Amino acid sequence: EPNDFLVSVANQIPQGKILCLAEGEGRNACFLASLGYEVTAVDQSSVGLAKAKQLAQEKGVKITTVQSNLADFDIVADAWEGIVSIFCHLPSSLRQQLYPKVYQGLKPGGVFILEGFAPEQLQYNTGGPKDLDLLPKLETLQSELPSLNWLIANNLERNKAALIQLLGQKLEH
């Protein structure tokens, strides 16, 4: 059961290396790997990364390059066709550090996909962080990756959850 938004925009990611931020599970990574991508699942819990490998072995995908945490993590510039952040919530101070490396890590034409709780999610009891610092508005996230071409930018509310969905593509030279 991979993320529905991710399965909906998978066709927008050029074949190549895809990096999943704090993907823990392995359902999104294995889902993408089943499409022909070279995925690197990065998570902090060795218990999750270990279960990610097992799911890969069962789903028949030789793609699950595990990793560590995100705090002191850096990605090689122009090396990824896609970088996915599904419900990967971080404090403003950390997004200010990460996102710039995310923008630079993306090859021209590569995409950045995000799905997470909107600030109004605080009015619901269906999950997500309580600190508004980890719940930036859709426009604030966009300003953290300004040079990207936003193919999709949705603010959704159902009542139940408040979500933001983004698909940003790095321009061609």
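The first residue of the shown sequence is 1; numbering continues from there.
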property: Unresolved deposited residues in the interval that joins residue 11 and residue 12; result: none
property: Residue range whose averaged C-alpha B-factor is higher in the record, 35-43 or 113-121; result: 35-43
property: Per the entry, higher mean C-alpha B factor between 54-62 and 140-148; result: 54-62
property: Selection from 19, 162, 153, 22 [criterion: highest C-alpha temperature factor in the record]; result: 22
property: Where the record places residue 80 (Cα B-factor, split into thirds across the chain); result: middle
property: Entry-reported Cα temperature factor of residue 94, expressed as the chain third it lands in; result: middle
property: Within-chain third of residue 30 by Cα B-factor, per the entry; result: middle
property: Residue 127, C-alpha B-factor rank within chain (lowest, middle or highest third); result: lowest
property: CA B-factor ranking of residue 86, expressed as a third of its chain; result: middle
